[PDB]
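Quick heads-up: it's one chain on its own, the form deposited in one PDB entry, in structure tokens.
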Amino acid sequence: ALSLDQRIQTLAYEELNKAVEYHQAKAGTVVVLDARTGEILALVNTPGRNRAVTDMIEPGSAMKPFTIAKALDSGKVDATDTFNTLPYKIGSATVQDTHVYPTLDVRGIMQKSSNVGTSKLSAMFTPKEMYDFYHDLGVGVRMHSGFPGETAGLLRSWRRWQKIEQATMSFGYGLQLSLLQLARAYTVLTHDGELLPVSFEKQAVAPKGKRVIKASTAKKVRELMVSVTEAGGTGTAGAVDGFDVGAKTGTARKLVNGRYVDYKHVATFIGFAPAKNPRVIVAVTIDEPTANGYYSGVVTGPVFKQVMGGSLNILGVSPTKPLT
């Protein structure tokens, strides 16, 4: 028997399709996991192959919570620490944000989704320490989910990284994974710092996870990620009435075998709830929206919202706070 939950699978299907239509997008995917077991409660694609497991993307901004996770886990950075977030140079290259903040603390980097900040956090570690970390989240590794065509994604060896590549990788370019690997990766945040295996089958035994960061770190990062959906953050479109939601937006220019083209984007929105004691991850990706803008927030936010809200209703999770 499958872990799939028909009500949720139906909900995801309806909501994905409304969005991919509304935004005149080329393709789309939604994945819902059990946050505490890695079971796939829903997995849905626009008609065609199972993109959620066969296709690989650059995570972009959705990678940022891990870089922060790693920094805090190390003991070398505390959430309250301030960083100069102005544009800067890695030799011949320039790291910069869309909107420029002189300084941010770690919560601001998460909230405002700053490349500069994220790359400074990364810059505090070796090529090897960051590759080992990405590797332990499952980037470049086979999940063994049993789906046909399962990509392992792409993690180039640290042994051949320029300094610019360490940076661009810390904020999600240069490495690749499936939306399902990405959702799986978030089990580190939701399952108290342990990476769960994913499954399309009901587990008789509750599955064990491999430890990657401490529980207290996961706990703190979840707290920080709530900033994304509160006023001031990139991801307010994904707030759900009656709950705190940890989420991360991602808006990426499209890598088309080699070159970045800048009038083409991929919108991804991923998060969990209840933020303090999470039950589900929802990951949404929409490929190349043409109509009504391209920001994660506008495109994938509403679908995240509906699916998360509907998912916690269906599983019978009680609101943690009164409905507005």
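Numbering starts at 1 and follows the sequence shown. Between two forms, the rigid core is defined as the largest C-alpha subset superposing within 1.5 Å.
From this point on, the text means the form deposited in another entry, which you will not see here.
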Taking the rigid core as the reference frame, is the Cα of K254 displaced by 2 Å or more between this form and the one not shown?
yes
Classify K26 as shifted (yes) or not shifted (no) between this form and the one not shown, where shifted means its C-alpha moves by 2 Å or more with the rigid core superposed.
no
Inspect the rigid-core superposition and answer whether the C-alpha of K264 shifts by 2 angstroms or more between this form and the one not shown.
yes
So the Cα-Cα distance between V141 and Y260 shifts by 3 Å or more in the other form; is it shorter or longer than what we see here?
closer
Residue pair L177, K254 - Cα distance in the other form, closer or farther (3 Å or more):
closer
